[PDB]
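Protein chains in written order, with PDB author numbering: chain A, 1 to 7; chain B, 1 to 7; chain C, 1 to 7; chain D, 1 to 7; chain E, 1 to 489; chain F, 1 to 489; chain G, 1 to 489. Think of the CB as a built atom: it goes at the ideal place given N, C-alpha and C, for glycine as much as any other residue. Notes follow the structure.
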Amino acid sequence: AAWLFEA
Amino acid sequence: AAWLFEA
Amino acid sequence: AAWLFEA
Amino acid sequence: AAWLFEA
Amino acid sequence: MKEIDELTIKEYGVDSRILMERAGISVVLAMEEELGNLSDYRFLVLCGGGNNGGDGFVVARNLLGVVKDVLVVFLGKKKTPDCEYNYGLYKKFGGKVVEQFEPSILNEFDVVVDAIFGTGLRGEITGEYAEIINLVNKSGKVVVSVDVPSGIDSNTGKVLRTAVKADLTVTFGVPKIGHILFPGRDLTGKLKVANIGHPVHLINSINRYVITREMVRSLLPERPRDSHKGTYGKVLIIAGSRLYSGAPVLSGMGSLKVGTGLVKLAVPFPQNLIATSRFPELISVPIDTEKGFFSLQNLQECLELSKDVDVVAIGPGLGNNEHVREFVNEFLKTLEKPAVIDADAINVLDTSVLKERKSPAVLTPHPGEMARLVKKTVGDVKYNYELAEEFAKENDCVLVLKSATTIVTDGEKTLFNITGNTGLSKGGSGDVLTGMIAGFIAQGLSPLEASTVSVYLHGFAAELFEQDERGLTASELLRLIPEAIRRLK
Amino acid sequence: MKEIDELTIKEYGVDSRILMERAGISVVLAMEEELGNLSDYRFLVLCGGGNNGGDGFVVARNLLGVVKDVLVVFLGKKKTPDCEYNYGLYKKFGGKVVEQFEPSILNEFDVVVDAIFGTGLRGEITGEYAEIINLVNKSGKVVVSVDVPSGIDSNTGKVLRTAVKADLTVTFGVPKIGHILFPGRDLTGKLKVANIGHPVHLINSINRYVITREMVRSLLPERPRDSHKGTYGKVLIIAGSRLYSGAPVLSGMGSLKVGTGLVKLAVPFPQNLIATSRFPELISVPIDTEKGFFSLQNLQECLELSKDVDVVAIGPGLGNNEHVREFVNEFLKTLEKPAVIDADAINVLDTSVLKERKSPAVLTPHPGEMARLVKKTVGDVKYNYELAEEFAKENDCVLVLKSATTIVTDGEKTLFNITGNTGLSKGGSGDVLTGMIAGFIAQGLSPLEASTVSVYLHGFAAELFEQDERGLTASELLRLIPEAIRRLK
Amino acid sequence: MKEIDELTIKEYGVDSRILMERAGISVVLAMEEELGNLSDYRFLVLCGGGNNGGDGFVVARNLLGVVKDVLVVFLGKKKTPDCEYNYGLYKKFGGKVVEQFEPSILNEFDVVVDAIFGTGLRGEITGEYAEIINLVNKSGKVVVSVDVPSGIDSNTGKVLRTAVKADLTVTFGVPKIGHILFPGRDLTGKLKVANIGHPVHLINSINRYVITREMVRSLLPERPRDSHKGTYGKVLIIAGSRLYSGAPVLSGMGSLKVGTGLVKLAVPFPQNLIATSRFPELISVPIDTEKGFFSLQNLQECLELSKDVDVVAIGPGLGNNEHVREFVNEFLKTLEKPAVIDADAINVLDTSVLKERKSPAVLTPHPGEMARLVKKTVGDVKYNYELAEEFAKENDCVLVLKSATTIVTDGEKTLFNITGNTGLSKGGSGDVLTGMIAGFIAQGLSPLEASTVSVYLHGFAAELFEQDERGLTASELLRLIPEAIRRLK
Ligand SMILES: CC(=O)SCCNC(=O)CCNC(=O)[C@@H](O)C(C)(C)COP(=O)(O)OP(=O)(O)OC[C@@H]1O[C@@H](n2cnc3c(N)ncnc32)[C@@H](O)[C@H]1OP(=O)(O)O
Ligand SMILES: CC(=O)SCCNC(=O)CCNC(=O)[C@@H](O)C(C)(C)COP(=O)(O)OP(=O)(O)OC[C@@H]1O[C@@H](n2cnc3c(N)ncnc32)[C@@H](O)[C@H]1OP(=O)(O)O
Ligand SMILES: CC(=O)SCCNC(=O)CCNC(=O)[C@@H](O)C(C)(C)COP(=O)(O)OP(=O)(O)OC[C@@H]1O[C@@H](n2cnc3c(N)ncnc32)[C@@H](O)[C@H]1OP(=O)(O)O
Ligand SMILES: [K+]
Ligand SMILES: [K+]
Ligand SMILES: [K+]
């Protein structure tokens with residue numbers, strides 16, 4: 001879920 | 001329901 | 001919703 | 001929905 | 001309705017300004033019903049110099065102070081008294097009017113209110129009116145037409161060079177013929193008919209009607225519990241040929257699916273066997289023919305078969321050669337039962353025969369068949385309800401002129417059917433309708449009542465098809481008939 | 001696409017390293033989309049010495065520090081410049097590379113990333129490459145292929161001695177022919193096409209297309225509300241024989257279910273009666289034959305019947321003797337209407353006749369029929385899209401070469417259809433498709449458009465069958481056509 | 001991060017153009033995640049001459065051909081090498097650039113992409129940059145900022161004369177301090193942090209952290225099943241006065257609600273009785289005072305009470321006269337236990353006492369209290385994390401500087417808390433936090449860990465309040481603490 005973006 | 005408008 | 005009547 | 005991938 | 005306005009003012013004493021105010025406020029209420037809260041929208045109101053533009057001024061004035069923006073473009077050269085009055089009020093209330101239409105003005109509005117021309121349109125629209133209407137149609141804005149989309153002839157539905165395509169049309173008192181016939185029906189979009197205070201007596205004095213669910217419900221015959229098949233009538237269908245073996249099957253089942261008690265087909269052998277292989281509840285009598293078509297040699301047998309039935313349908317799939325012509329005309333001249341006359345029986349029909357018949361008849365032509373029957377072009381007969389009325393009156397029959405809007409008339413009463421879809425534009429659809437009509441006649445409905453109920457239900461059944469309408473076939477339409485009846489109730 | 005990469009670099013000025021980075025990160029994002037969070041997985045990345053292996057190094061480097069373990073096995077003998085660059089970055093970022101493939105290494109990984117060969121594969125794979133690929137295919141691990149599964153010829157879909165079977169293939173810019181034709185289509189598994197920054201103009205310059213839902217939706221004809229059956233066209237189907245009585249029925253209903261207005265069949269008596277017994281909305285004209293097959297004695301009647309229709313379909317169930325051959329070729333030479341030519345009409349067709357026709361034609365052979373038509377083996381014609389294009393161009397026709405992936409071509413544009421399933425591998429399926437094509441032509445679509453829409457919808461209908469596909473029959477496929485149309489919209 | 005870019009390029013060998021491409025495509029993906037399909041939107045991309053504007057050119061180029069319209073307004077006077085490269089690609093791909101900002105241009109776009117200034121902003125924005133930014137903020141369009149909203153100092157969060165208010169900010173590698181502190185936090189809108197290929201080692205080398213759910217979950221202490229109250233620590237709270245009788249109750253329950261085993265309060269009689277009347281699980285020891293405030297006469301009793309506990313909290317509601325000052329400073333000088341020092345104990349604190357203590361301390365000032373403690377203005381200390389770090393290091397303590405974003409630091413590690421809402425801007429909130437910190441220390445967490453966990457949970461509890469946050473009180477906040485803990489797990 002999080003390779004590209006941290007929320 | 002229909003004093004003013006017929007559908 | 002409110003051209004004719006305020007509640 | 002489709003900038004990166006076509007299905 | 002021109003006369004309805006006049007009588008309401010002149011005989012009943014309702015001030016013209018009251019009628020016009022009620023017209024405009026009806027448009028506002030109708031817009032709210034379709035758009036929800038109006039307060040976020042910007043309105044462009046296009047007003048002509050007639051009473052339609054006067055209605056437009058009432059709309060515009062009633063939106064002042066309640067919506068985001070209102071602008072009136074006044075497109076006429078003079079104003080009727082009521083239009084002048086309401087233009088005056090609009091300006092007194094702070095409203096802005098411009099007298100020049102600028103192409104880019106469309107950019108800053110969300111809704112266009114079309115109050116240019118109503119039922120007073122005469123002749124082709126040209127000049128700057130036409131450019132303006134064309135710009136509105138290319139704009140992609142929401143279009144609300146007052147009374148009738150401008151450019152439609154309210155008496156015929158024809159486009160007078162160009163016309164507004166509306167999302168919503170609000171008309172007053174009664175629908176107009178131009179909302180009901182194409183191309184007008186298509187340009188009208190969603191139609192609302194507003195009560196603006198005409199007395200109900202005048203509104204009910206109209207002789208032409210749209211066929212409604214409530215009218216059809218009231219005409220459906222009763223099913224007494226202590227009944228037997230004979231209670232529900234007997235139909236003979238004379239149909240088919242070596243070329244057209246399917247027609248009789250669709251017509252017969254059409255009668256059964258509407259509740260008829262007994263249906264018999266007379267069909268040339270061995271094409272008669274096709275019917276019972278598909279629907280064994282049909283009686284399909286083999287007729288011995290020389291070459292696969294009915295001829296005078298079959299006259300006596302068909303007359304014999306007719307004695308024990310209530311109604312006879314004739315025509316679907318008969319073929320159209322000289323021997324069929326002789327048979328059809330001699331049979332109808334001698335037959336003392338109601339007849340439903342379709343398809344190839346219309347193509348060979350001698351209309352002198354209809355005049356001389358003592359028994360009633362229903363004819364069900366499409367415009368091609370009607371054209372041939374009165375020796376005119378298709379374009380001259382299509383949606384020509386006055387011609388249909390004249391024909392029905394002169395020939396003492398009910399005429400059912402099929403099209404996307406079907407016209408049903410006995411010459412005194414005319415009814416318009418608007419149920420259905422394009423799935424009915426396919427072979428076999430008419431054959432079903434023929435059987436439905438004969439069946440309702442056999443059940444005790446008058447030829448006009450039976451026609452009225454049948455056109456409505458046949459179109460409503462099509463609309464109940466689950467998948468894309470283009471895939472509808474007559475066999476599926478049959479299966480849907482009892483669902484349409486259930487839903488009607 | 002080899003030229004698309006080159007032009008994007010050389011003419012547009014995009015650094016090759018940018019394209020390669022975007023390629024690799026697309027693979028990572030695609031894996032996350034299919035696997036969810038990647039952090040728990042251990043990845044084995046198999047890299048060749050070409051630019052595909054370079055993409056692999058980008059994948060591997062981008063997983064460093066984010067997943068459980070990453071290892072690269074480098075399988076080449078030298079590296080392209082971009083592969084060397086990205087190998088260098090992978091090592092600088094702390095990545096581990098080994099140059100020997102150990103069979104037991106598969107044991108400690110969850111996902112294999114196949115970046116051995118892409119579109120640069122030439123010739124049979126052997127030696128240690130082959131052993132490695134075979135070990136990956138026996139491993140039961142999740143396999144992600146970069147660009148094309150290694151071992152597939154990207155221009156044909158053929159396996160070059162052995163090939164990786166992928167769960168997920170991520171390709172760049174456009175699908176490749178090898179993803180679309182079998183066996184490649186099967187080895188590709190789930191395909192994602194990633195935008196890696198080629199300009200859209202170059203991506204749209206491609207002349208071969210996959211048929212998509214959006215393309216078919218845009219081509220479906222409009223159904224004007226004020227229509228009649230003639231609006232939607234008229235089809236004649238010349239079909240059937242004493243041996244093959246069912247074919248005409250499937251073809252006719254194929255035309256009706258796609259929205260055609262009128263369908264007439266010409267079928268030898270009494271086999272013509274089979275049609276109307278099942279579907280009475282069909283017109284099924286009895287043709288008098290000497291022995292149950294069409295012959296020259298029926299030439300004039302079929303030409304007469306053709307005058308009043310828009311398109312003629314011929315072939316299904318005709319039989320293939322010398323008298324059928326004479327009839328078919330003389331009829332097509334004289335017929336001045338579009339023709340859809342299938343089955344036995346293809347088997348007896350003189351291709352000189354196609355060249356001389358002024359009117360258009362669509363031919364719908366399976367590979368057996370195409371083989372016979374150009375006097376080649378089935379293996380030489382199967383999925384041979386260049387041959388299909390040459391044939392279509394030389395004969396001025398549209399060729400629809402049926403198989404699990406169907407090829408549709410007019411010689412200038414070629415489209416690939418991938419809808420359908422194995423339920424269509426059964427007698428009667430092709431007969432339906434023939435009627436669909438004729439029907440869409442009669443509705444106003446060009447022969448190429450009608451073919452494109454029909455192959456897609458025919459396959460999509462099969463997929464809508466509720467139960468196991470192996471139980472699908474042509475009669476059920478007909479019922480599903482209107483659902484496919486609804487869903488398309 | 002300026003150094004992170006440099007090292008990634010210069011030491012690791014990643015081409016600067018690769019980093020910039022990955023930055024721009026991250027913005028596109030982030031927009032799609034928030035806006036859905038981008039194809040219907042029109043984009044205005046505002047580009048400066050620096051590398052932020054370069055990122056903007058990448059965004060613009062990647063939207064070419066895929067969205068309704070893209071326009072770049074180039075606002076600089078020269079371009080960095082990478083900005084020039086990407087401007088060049090944008091134009092080669094067919095993109096339009098204008099160099100003059102026209103106020104009405106905003107009218108024809110839906111989304112503004114702000115790529116004017118990033119972390120390279122130095123000094124107040126003026127001139128035409130400022131007019132432009134002000135026009136964007138009045139436009140009502142969707143605003144996406146690249147890296148940091150232009151006009152925010154990325155090191156402090158201060159506005160440099162004016163700044164873009166963004167709906168969405170996409171930043172690269174790590175959040176910046178200016179996204180975390182106000183007013184910058186407010187202007188950032190929704191923040192996404194994109195991985196653009198910096199090695200994870202460099203990304204993890206950062207010494208300042210945002211406190212996350214996962215960090216707090218890993219620090220929560222374990223609850224061994226075979227435990228007793230002593231397992232979970234013992235807290236003494238020295239608090240309250242005749243003036244401020246409620247403070248001790250909120251602090252004590254703060255310790256109990258986070259799982260502390262035993263909590264004792266020392267409170268002047270009879271204000272000590274207020275605590276047990278509300279929460280009878282508290283021990284509330286009556287302290288005999290002369291006038292309702294602690295003084296040196298109570299020194300020995302408080303030291304005695306401290307012997308049997310693990311941590312002492314002091315300050316809430318003590319009052320601030322000279323006798324309280326003497327007591328507080330002598331008590332802390334002698335106390336050989338960790339101390340949590342809040343409120344009035346901070347107001348009278350001699351910071352020389354902190355230097356000489358062998359045991360640890362946590363101080364929890366708001367900016368008013370911090371200002372008084374270091375003899376500076378509120379505006380000089382507010383969000384001054386460098387000052388907080390210097391103070392913590394010099395005084396050997398943990399400093400928790402409370403505000404909407406709370407800063408927690410021991411002088412080597414600094415953590416930023418962003419949980420909470422305005423319901424915490426109300427008396428009693430700080431008293432709860434003081435008890436939470438002491439409780440976690442008593443449970444075995446280090447002063448820094450206990451502070452980190454407590455600020456996060458205290459803010460998260462506030463967010464769990466069911467009704468409008470402005471109605472939140474400290475008593476409700478207590479009830480919500482165990483829910484916050486459950487949700488964290
Ligand atoms: C009687 C009353 O005042 S009640 C009005 C309020 N209530 C209602 O509208 C309910 C009535 N419904 C109706 O159909 C009509 O009364 C109305 C109000 C909608 C239309 O009323 P009318 O003024 O008869 O007609 P309308 O507004 O369509 O058009 C008037 C004509 O349009 C223009 N016009 C008509 N045809 C054309 C054309 N081909 N090209 C250019 N202009 C044309 C004007 O010229 C004007 O006639 P003119 O040549 O004498 O100036
Ligand atoms: C131009 C760029 O750098 S952009 C690259 C990044 N972007 C993309 O990949 C999108 C492009 N998509 C593509 O199809 C291709 O550019 C790639 C990158 C996937 C493949 O690029 P290429 O280097 O042309 O081909 P690929 O990696 O498949 O294979 C190269 C060949 O594989 C090997 N090879 C090919 N066939 C065989 C065989 N039968 N047996 C053993 N080895 C073989 C190598 O020998 C090498 O050729 P060589 O003999 O000169 O050493
Ligand atoms: C190293 C690379 O190329 S990688 C870039 C791609 N990747 C990323 O952006 C991730 C990096 N994140 C970053 O913070 C930065 O690299 C960037 C790219 C967003 C910003 O990079 P920089 O060029 O250092 O700064 P930025 O674009 O903010 O601004 C540059 C300055 O803005 C202008 N500027 C700065 N302050 C002001 C002011 N007060 N008034 C007017 N203009 C100003 C220009 O003058 C220019 O400096 P100059 O005076 O020498 O011309
Ligand atoms: K109008
Ligand atoms: K590969
Ligand atoms: K920015």
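The C-beta separation of G:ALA392 from G:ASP410 comes to about 5 Å, placing the pair in contact by the 8 Å criterion. Boundaries of the alpha helix (DSSP H) around F:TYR129: 127–138. Residues of chain F whose Cβ lies closer than 9 Å to the Cβ of D:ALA1 do not exist; the shortest such Cβ separation is about 12 Å. Put simply, the CB of F:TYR232 is far from chain G, with every gap to its CB atoms at 9 Å or more. By the CB criterion at 9 Å, E:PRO103 and E:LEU135 fall inside the cutoff. DSSP places E:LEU399 in the strand class (E or B) of the three-state scheme. Of all alpha-carbon atoms in F:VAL113, F:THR119, F:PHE117, F:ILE152, the one lying nearest the alpha-carbon of F:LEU168 is that of F:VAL113.
Relative to ligand 1, E:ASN417 has its C-beta separated by 8 Å or more from all heavy atoms. The region 295–303 of chain G makes no contact with the region 225–235 of chain G; the number of CB pairs closer than 8 Å stays below 3. Between F:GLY36 and A:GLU6, the alpha-carbon positions lie close to 15 Å from each other.
The residues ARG42, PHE43, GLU108, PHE109, in chain order, have a CB closer than 8 Å to that of E:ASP69 in the same chain once the five nearest residues on each side in sequence are set aside. Within the chosen limit of 8 Å, ligand 3 does not reach the beta carbon of G:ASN155 with any heavy atom. Per DSSP, the beta-bridge partners of E:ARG42 are E:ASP69.
When secondary structure is reduced to three states using DSSP, E:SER359 falls in the coil class, being assigned neither helix nor strand. With a cutoff of 9 Å on beta-carbon distance, F:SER145 and F:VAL164 are scored as near each other. With respect to G:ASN52, G:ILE116 sits close: the two C-beta atoms are nearer than 9 Å. Non-local C-beta neighbours of E:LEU106 in its own chain, meaning closer than 6 Å and more than five positions away in sequence, comprise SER139, ordered along the chain. Residue E:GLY94 holds the alpha-carbon nearest to the alpha-carbon of E:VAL66 among E:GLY54, E:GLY88, E:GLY94, E:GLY49. Residue side-chain check: E:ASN51 places its Cβ nearer than 8 Å to a non-hydrogen atom of ligand 1. Listed in chain order, the non-local C-beta contacts of F:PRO338 below 6 Å within the same chain comprise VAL311, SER359, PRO360, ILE441, local neighbours out to five positions each way being set aside. Scanning F:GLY120, F:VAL45, F:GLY151 for the CA closest to the CA of F:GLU99 turns up F:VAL45. Shown here for G:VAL453: same chain residues with a beta carbon closer than 7 Å to its own, the five before and five after excluded, namely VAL216, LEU219, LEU220, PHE440, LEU445 in chain order. For the region 14–44 of chain G, the beta-carbon criterion of a distance under 9 Å to any beta-carbon of chain D is satisfied by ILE25, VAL28, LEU29, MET31, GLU32, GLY36, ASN37, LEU38, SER39. Interface with chain A (9 Å Cβ-Cβ cutoff): G:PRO199 is excluded. In this structure, the alpha-carbon of F:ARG357 lies about 16 Å from that of F:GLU326.
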